[PDB]
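Novice: Shown below is the structure under consideration.
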Number of protein chains: 4
Amino acid sequence: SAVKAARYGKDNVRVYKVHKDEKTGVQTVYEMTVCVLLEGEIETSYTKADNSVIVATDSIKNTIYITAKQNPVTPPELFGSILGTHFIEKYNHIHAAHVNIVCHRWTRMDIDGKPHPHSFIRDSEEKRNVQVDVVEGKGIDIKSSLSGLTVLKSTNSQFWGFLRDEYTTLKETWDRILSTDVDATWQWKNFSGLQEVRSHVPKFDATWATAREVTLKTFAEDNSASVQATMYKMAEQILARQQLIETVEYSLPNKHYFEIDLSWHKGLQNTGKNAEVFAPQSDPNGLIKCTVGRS
Amino acid sequence: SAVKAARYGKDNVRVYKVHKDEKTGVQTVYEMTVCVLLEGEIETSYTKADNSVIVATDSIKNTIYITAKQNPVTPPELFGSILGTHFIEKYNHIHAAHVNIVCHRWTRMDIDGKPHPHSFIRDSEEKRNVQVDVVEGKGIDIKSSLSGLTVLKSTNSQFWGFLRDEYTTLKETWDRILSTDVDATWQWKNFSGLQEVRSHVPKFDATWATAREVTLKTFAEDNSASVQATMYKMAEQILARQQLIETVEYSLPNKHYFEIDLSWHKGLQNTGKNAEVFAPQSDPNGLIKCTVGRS
Amino acid sequence: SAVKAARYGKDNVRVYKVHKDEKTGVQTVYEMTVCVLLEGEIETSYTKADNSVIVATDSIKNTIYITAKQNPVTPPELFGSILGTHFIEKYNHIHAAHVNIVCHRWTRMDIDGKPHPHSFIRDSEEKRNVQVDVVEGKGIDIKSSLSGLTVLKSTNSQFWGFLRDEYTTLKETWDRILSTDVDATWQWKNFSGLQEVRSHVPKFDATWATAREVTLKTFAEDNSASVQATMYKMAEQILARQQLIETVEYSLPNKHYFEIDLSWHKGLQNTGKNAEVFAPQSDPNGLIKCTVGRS
Amino acid sequence: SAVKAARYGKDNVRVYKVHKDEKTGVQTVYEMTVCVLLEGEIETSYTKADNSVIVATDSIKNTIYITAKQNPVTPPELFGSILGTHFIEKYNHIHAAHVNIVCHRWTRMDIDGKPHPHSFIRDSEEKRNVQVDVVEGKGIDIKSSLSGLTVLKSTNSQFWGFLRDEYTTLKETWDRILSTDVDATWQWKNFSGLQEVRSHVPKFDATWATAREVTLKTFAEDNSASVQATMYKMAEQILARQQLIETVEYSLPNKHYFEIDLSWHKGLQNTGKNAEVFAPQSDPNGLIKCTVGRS
Ligand SMILES: O=c1[nH]c(=O)c2nn[nH]c2[nH]1
Ligand SMILES: O=c1[nH]c(=O)c2nn[nH]c2[nH]1
Ligand SMILES: O=c1[nH]c(=O)c2nn[nH]c2[nH]1
Ligand SMILES: O=c1[nH]c(=O)c2nn[nH]c2[nH]1
Ligand SMILES: O=c1[nH]c(=O)c2nn[nH]c2[nH]1
Ligand SMILES: O=c1[nH]c(=O)c2nn[nH]c2[nH]1
Ligand SMILES: O=c1[nH]c(=O)c2nn[nH]c2[nH]1
Ligand SMILES: O=c1[nH]c(=O)c2nn[nH]c2[nH]1
Ligand code: NA
Ligand code: NA
Ligand code: NA
Ligand code: NA
């Protein structure tokens, strides 16, 4: 037997960084959770108890905290590129650094209508994430994503004309609730290294905001033929509004709201056009996935 | 042996209600999770397999869905009063109905700056809750609450002058991070019945909003002497801005952000006034509780 | 306004203790999560920023770790009595200590059929808990519990003869699945202080084991007339097999497994006596509660 | 733009199956959660609102319930092969079926030492899983796994001799706690189709049990040089005890138990060889991964 593949590192490193402006007196906070896994010439650590090759996970932990000290933590695409680059450059035998970041929202608190200088709220559990892969020779791969964007529309969704057979029981419909948790991942064209990432920084924060805008706009206005149809439209536009994206990937669960028929009770009319009260379903859920690139 | 106390019912009933305005074309959605437990003359169901006394939990489930059909679901204080009242009036042997509601945020989506008529986002995991207890003879007790309000301030919190002894190691401080998840519960003066609840309805939605405003304002501006000091101030004001509240209760966990000392590394200065990067702590957490009434 | 009630302390203190036998070479591990909240003359900490009265939560954290060092951590009833007593005796102004412990299972690993001396598995997420309340003057109140005992029986449960009305749709049944997560809490007669707890120690571990045995035996063999009927029987016996219990409390959710009718598909027969495949329901759930004492 | 990749289906389908032996009177229960995603010629459903190509997720839900009715649900490798095969054979335009199953433990209850015929306990949250990929032309790929196996050893783990530099602070050690949640995935050599799966069935249940045995045995007895070293040894043996495995993959988080130094308190000695009481750490965690094949 032999080691086909190996990576190791530190997961779930919670990190908080405060930037204190002395002019304005205005503080800004950033909170991340960071994962770093390294690959390279480390298989002897697995086969020959050879720890000489192991950069301790604790040191990787340390290094995250240092790198966040010595460098900006935002935008995460950059921070992850920095942190990843660090480990391949620092260590001869480490040939890949895989950095995952989840950004937790700390939104400035409005007080009577005045951005408070040092108070924030977690205004949503919506996450911004990156997956940065820094590989010796092959530059830097970046996947940016938003996840946990939970939305619903009460009408202006349909689903009709789907295969019917001895396994079908679902009734065609022209009016229904559509609700989903949006997972939207855009993959950047490979960068040569840290310099090229540094040059594209403004596009990171800017493209994230666009993915969100588009997801929400499209979800809202599209008289959805299906989840399939509506997710494709979102992906179309993110590609079209930013050239450096090679691929957009949506994963959308269909959180079903069933009709409750209460006609058995004093002929009470709650289905079809008289549908008011629905039983939101926890499980099961449709899951719909799409990857979209350039033709 | 004997039954000292007994309640039963249906938990985790997810409920969704849509209100379709035909003038404006504008839809509004409400989503709840509801629990109902009944008490009364039911001990034989426990001791003598006497199911004659059991209003099936399934029927209670049905009844929730019906009551939401036939009545407004908002504000929850009212819906819970209605749903509770129903069961004590309907059934001779049921002498108490305990209704718990959690309201899940569906905020109208802004699109280019125009309230969309039928699209919503779950803009926070912050919950509005009620606990309605409807007891034959003793009218209606209501506890309204907000929970899951996660906040943080980077400065303008202190904690000094606390007991020191052979068990103390914590260093006094004049500048620190304070972060908490706010649990704020206000208890209404007993109502006589459903009529009196119905007459106080405008105060429900209005008092909730005030509890939130006050929690956020006070948390922000107060140069906190302690969590104790700051939570008391919040409770003070909620009492003072609404007469029908008998008691305000805060429960606040202290989510600690530890300083990371990186001086061992190239003399890097990250503590005291040079604190930038902190390790948010998952556990343990201070937990601080206060109930405040009228003197 | 005024402080009606106040408690504070440290929550979620994870604690691990190893006992190294030097004769046998055999190690034993205990892992807890501990919460301590104190009451007493502390209201000035809330009203007058008077921190002099606050035993820092950090020190309480320290004290837990010390007390576990200097004392046995098992059984939890005792550890909690010790830890609680400590704080009322040590501090003049602290008049109550509330200690909550959750014990996490570390079961010795069997290897070829030989208790390994230092390897363990978390063989279930079933928790043993205590709630110890140590109050100056009023001795020590103890509530012991088991929670998270997830069980199911495929048959030998029924539910018929329950109220039917214009809110009922549930069909009587003589054969069904019953599945629940067992919450069983037994309350000890008040102890005078730490000495009396110390004298009743053997009964703690011994009564816990009995509550479990009884819960499982009774759940299994009882042709349940209802959840009500079956939980009462369990409580009956725990009371009857240990004299120092004043009250037994069960909370049992009814995790429903619905029949799936597949007759619409090639006349496939899956209901009634031909029921094989069921859809386990996540929500809603019946919730059934009973407190049982001595008549 | 164009659809690079697409799959859709039903997730989180909870499924329960009872087998009633009429001879013995002995019932046996199986509970799964199932996910099915299909690929094939479905891109028009995304681009042209062409629902004709969509096998409704609801029908896929139905099909799972039927397939479990008409076929054995155990072992999951087989059930998943059956369920996957079904969809590629049934539908001309569906070219791949991806089936994920999680098996939830229902262990027969021992009562006085007699396997009860119809009562079971969820004796662990340890999961058995499969990932079955059924692709038109390319037969059936199966990944079997165990996850959520939470273990700990108090001693007989070490970690010394690892790279040290200006980022290192971790102290070498010869005695420490090692604790992890085991994720062990074994990948089967490709099968031609359902017949070949059917012929290898006895090996499925049998290889799972071996992966568990080996994981536990090796974890226990190995004086671990590192997590790396110990996971490799486990993988080695699973490969060596079953020929049809092509690759074994372990993912092991290192759940750290920190030493608490209590010397500041009455010179209390709790570090090094006097370590008794430790603070289990929730985060961060080392994460260690290895894939092992045949050289
Ligand atoms: O948008 C949808 N896509 C689907 O594939 C589907 N299946 N059931 N409902 C559905 N809705
Ligand atoms: O309201 C429902 N809609 C559905 O699509 C469905 N499928 N099974 N039961 C159902 N109920
Ligand atoms: O606000 C606080 N109150 C307390 O009681 C405490 N203890 N440690 N830190 C603290 N902060
Ligand atoms: O930064 C810290 N602050 C604290 O209050 C504390 N208590 N133990 N370790 C600690 N670290
Ligand atoms: O045991 C039960 N008790 C109940 O009260 C009930 N209601 N529906 N099913 C039930 N089962
Ligand atoms: O199988 C079912 N059993 C029930 O008790 C029930 N109640 N609503 N739908 C149901 N389905
Ligand atoms: O087994 C280990 N492997 C590692 O790579 C490591 N790093 N810190 N501790 C560790 N333990
Ligand atoms: O006890 C500890 N062990 C460690 O490996 C470590 N790393 N930071 N703090 C620590 N404490
Ligand atoms: Na390198
Ligand atoms: Na009544
Ligand atoms: Na005292
Ligand atoms: Na096909």
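A quick note on method: Cβ atoms are made from the backbone with ideal geometry, for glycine too, and the neighbour counts reach across all protein chains shown. Since every read-out is calculated from the coordinates, none of them should be taken as a lab result.
Novice: Restricting to the stretch B:271-295, name every residue that is part of a loop (DSSP other than H, G, I, E, B) and away from chain C (no Cβ under 14 Å).
Specialist: Matches in the stretch B:271-295: B:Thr271, B:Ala275, B:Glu276.
Novice: Same structure, new question: Which residues, taken from the stretch D:58-89, are of a type in the set (D, E, K, R) and within 8 Å of another protein chain (Cβ to nearest Cβ)?
Specialist: Hits for the stretch D:58-89 are D:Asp58, D:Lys61, D:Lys69.
Novice: So, C:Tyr257, is that one among the hydroxyl-bearing types (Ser, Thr, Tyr), surrounded by 17 or more Cβ atoms within 10 Å (Cβ to Cβ) and either more than 9 Å from every other protein chain (Cβ to nearest Cβ) or on the phi > 0 side of the Ramachandran plot (or both) or not?
Specialist: Judged against the criteria, C:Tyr257 is not a match.
Novice: May I pose another question? Which residues, counting only those in the stretch D:262-274, are within 29 Å of A:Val15 (Cα to Cα) and within 37 Å of the chain's Cα centre (by Cα)?
Specialist: The answer is D:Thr271, and nothing else.
Novice: To continue, here is another question. Can B:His118 be described as surrounded by fewer than 22 Cβ atoms within 10 Å (Cβ to Cβ), of a type outside the set (A, V, I, L, M) and touching an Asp or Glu at 6+ places or on another chain (Cβ under 6 Å)?
Specialist: Criteria not met by B:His118.
Novice: Right, here's the next one. Residue check: is D:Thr168 outside any strand (DSSP E or B), among the polar types (S, T, N, Q) and at negative phi?
Specialist: Yes.
Novice: Among the residues of the stretch B:199-215, is any farther than 30 Å from A:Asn71 by Cβ and in contact with an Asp or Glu (Cβ under 6 Å, 6 or more places away or on another chain)?
Specialist: Looking for residues that are farther than 30 Å from A:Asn71 by Cβ and in contact with an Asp or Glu (Cβ under 6 Å, 6 or more places away or on another chain), one finds at least one in the stretch B:199-215, hence yes.
Novice: Check A:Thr24, A:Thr85 and return the single one that is touching a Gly at 6+ places or on another chain (Cβ under 8 Å) and more than 28 Å from D:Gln158 (Cα to Cα).
Specialist: A:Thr85
Novice: Take the stretch D:58-73 and flag every residue that is within 25 Å of the chain's Cα centre (by Cα) and polar (S, T, N, Q).
Specialist: Passing the criteria: D:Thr63, D:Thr67, D:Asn71.
Novice: Here is a list: C:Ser251, C:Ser263. Which entry is of a type in the set (S, T, N, Q) and within 14 Å of chain B (Cβ to nearest Cβ)?
Specialist: Unique residue meeting the criteria: C:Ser251.
Novice: Turning to a different aspect of this structure: If you take the residues in the stretch A:205-239 that are small (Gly, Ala, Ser) and touching a residue at least 40 places away in the same chain (Cβ under 8 Å), which one is surrounded by the fewest Cβ atoms within 10 Å (Cβ to Cβ)?
Specialist: Step by step, filter the stretch A:205-239, then rank; the result is A:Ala220.
Novice: Here is a further query. Condition first: without any contact (Cβ under 8 Å) to a residue 24 or more places away in the chain and either within 16 Å of ligand 9 (Cβ to nearest atom) or within 12 Å of another protein chain (Cβ to nearest Cβ) (or both). Can you find one or more residues in the stretch A:141-153 that meet it?
Specialist: No.
Novice: Is there a residue being among the hydroxyl-bearing types (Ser, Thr, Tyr), under 15 Å from C:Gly9 (Cα atoms) and over 22 Å from the mean Cα position of the chain (by Cα) anywhere in the stretch C:31-51?
Specialist: Yes: the stretch C:31-51 contains one or more residues that are among the hydroxyl-bearing types (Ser, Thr, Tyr), under 15 Å from C:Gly9 (Cα atoms) and over 22 Å from the mean Cα position of the chain (by Cα).
Novice: Still on this model: For the stretch A:1-30, what are the residues that are of a type in the set (A, V, I, L, M, F, W, C), within 14 Å of chain D (Cβ to nearest Cβ) and under 24 Å from the mean Cα position of the chain (by Cα)?
Specialist: Residues satisfying the conditions are A:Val13, A:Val15.
Novice: Same structure, new question: Checking A:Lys90 against (1) out of contact with any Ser or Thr (no Cβ under 8 Å at 6 or more places or on another chain); (2) buried (at least 18 other Cβ atoms within 10 Å of the Cβ); (3) at negative phi, only one condition comes out false. Which one?
Specialist: (2)
Novice: I've got another one for you. Is it the case that the stretch B:73-83 has a residue that's in contact (Cβ under 8 Å) with a residue 24 or more places away in the chain, within 16 Å of ligand 10 (Cβ to nearest atom) and surrounded by fewer than 22 Cβ atoms within 10 Å (Cβ to Cβ)?
Specialist: Yes, there is a match, as at least one residue in the stretch B:73-83 is in contact (Cβ under 8 Å) with a residue 24 or more places away in the chain, within 16 Å of ligand 10 (Cβ to nearest atom) and surrounded by fewer than 22 Cβ atoms within 10 Å (Cβ to Cβ).
Novice: Can you confirm whether D:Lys61 is within 16 Å of ligand 6 (Cβ to nearest atom) and surrounded by fewer than 22 Cβ atoms within 10 Å (Cβ to Cβ)?
Specialist: Criteria not met by D:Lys61.
Novice: Checking the conditions here, which among C:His93, C:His116, C:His86 is over 30 Å from B:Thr230 (Cβ atoms) and away from ligand 4 (no atom under 16 Å from the Cβ)?
Specialist: C:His116
Novice: Conditions first: (1) within 18 Å of B:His118 (Cβ to Cβ); (2) under 19 Å from the mean Cα position of the chain (by Cα); (3) β-branched (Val, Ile, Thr). A:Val277 passes all but one, so which condition is the exception?
Specialist: Only one criterion is unmet by A:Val277, namely (2).
Novice: Identify, please: which residue in the stretch C:198-227 is within 14 Å of chain B (Cβ to nearest Cβ) and assigned to a helix (DSSP H, G or I) and is, among those, farthest from C:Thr155 (Cα to Cα)?
Specialist: C:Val214
Novice: Taking only the stretch C:248-270 into account, find how many residues are touching a helix residue (DSSP H, G or I) at 6+ places or on another chain (Cβ under 7 Å) and assigned to a loop (DSSP other than H, G, I, E, B).
Specialist: Here the count works out to 5.
Novice: For the stretch A:52-68, give me each residue that is farther than 11 Å from A:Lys10 by Cα and touching a residue at least 12 places away in the same chain (Cβ under 8 Å).
Specialist: A:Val53, A:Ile54, A:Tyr65, A:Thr67, A:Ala68
Novice: With the condition kept exactly as written, say whether any residue in the stretch D:117-132 is more than 14 Å from chain C (Cβ to nearest Cβ), of a type outside the set (A, V, I, L, M, F, W, C), without any contact (Cβ under 8 Å) to a residue 40 or more places away in the chain and out of contact with any strand residue (DSSP E or B) (no Cβ under 7 Å at 6 or more places or on another chain).
Specialist: no
Novice: For the stretch A:93-106: of the residues being under 30 Å from A:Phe120 (Cα atoms) and more than 14 Å from chain B (Cβ to nearest Cβ), which is surrounded by the fewest Cβ atoms within 10 Å (Cβ to Cβ)?
Specialist: Once the filter is applied, the top-ranked residue is A:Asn100.
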